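Listed next as structure tokens is one chain, alone, in the form solved without the DNA.
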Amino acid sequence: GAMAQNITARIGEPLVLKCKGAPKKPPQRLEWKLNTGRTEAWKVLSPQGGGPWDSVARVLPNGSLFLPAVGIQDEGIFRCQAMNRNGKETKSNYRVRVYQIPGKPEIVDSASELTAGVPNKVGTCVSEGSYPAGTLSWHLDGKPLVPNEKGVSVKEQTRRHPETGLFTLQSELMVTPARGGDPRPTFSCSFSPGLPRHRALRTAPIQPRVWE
């Protein structure tokens, strides 16, 4: 597409998109065009408003576009074109990407004892309520665990809430511990978001005993 400002909007929060260059109050010559999961290509929104779109997105007195509660389907493109009193045209281009933060990740079913030199089921990590899906990853004593690499095996499952569309992730970790290692290793699980710049939420660690 065109040069745009990337906007990250949280599901359920309001969103205000600013229409640069517009007069501060009516009378205003401005037009909003949006292309989202709600639209068939471009939909035009005007200060006068009206119709079903008034329940979803409406032009504010200052010309900004307001969404009371952003949903998954509001991902797409939002553009404004406005003329100031003189007549210079100004354009505003926004790429809106939506997200939701899951609840804290939880280690359900953990092993209290591992046996060295054999593959062991360590635990299952569960994360509920993310958008987009995101990923679950495992850590040993603070260091990332890489699947397949020398005794680590991870299997994963992604489920979708039938009405909200939010994702639930579940990850199972198996390790083949090496003879002569830490007999009380510390495993943790963490959620990594899809959209850039978000923090990693981590689980309480689990400290099993390793038998040589």
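All residue numbers are counted from 1 along the displayed sequence. Note that the rigid core is defined as the largest set of C-alphas that superpose within 1.5 Å between two forms.
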Query raised in the report: Is the mean CA B factor in the deposited entry higher across 112 to 120 or across 75 to 83?
Result: 112 to 120
Query raised in the report: Of 183 to 191 and 49 to 57, which one has the bigger average CA B-factor?
Result: 183 to 191
Requested in this report: Name the residue from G37, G63, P147, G165 with the greatest C-alpha temperature factor listed in the entry.
Outcome: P147
Query - Chain third (lowest, middle, highest) by recorded CA B-factor, residue given as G129 - result: lowest
Query raised in the report: Lowest, middle or highest third: where is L136 by C-alpha B factor in its chain?
Result: middle
Report task. Would you mind checking where the Cα B-factor of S171 ranks among the modelled residues of its chain, as the lowest, middle or highest third? Result -> lowest
Query raised in the report: Within this chain, which third does the Cα B-factor at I11 fall in: lowest, middle or highest?
Result: middle
**Report entry** Third of the chain's Cα B-factor distribution that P102 belongs to, per the entry
**Finding:** lowest
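Keep in mind that the form solved in complex with the DNA is missing from the display, and what follows is about it.
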Requested in this report: Flag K121 as yes or no: does it have a non-hydrogen atom within 4.5 angstroms of any non-hydrogen atom of the DNA in the deposited bound form?
Outcome: no
Query raised in the report: If you check in the deposited bound form, is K25 within 4.5 Å of the DNA, heavy atoms only?
Result: no
Report task. May I ask you to check whether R97 falls inside a 4.5 Å heavy atom distance of the DNA in the deposited bound form? Result -> no
Query - Contact set, 44 to 80 vs the DNA in the deposited bound form - heavy atom within 4.5 angstroms - result: none
**Report entry** Threshold 2 Å Cα movement between this form and the one not shown at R202, rigid core reference
**Finding:** no
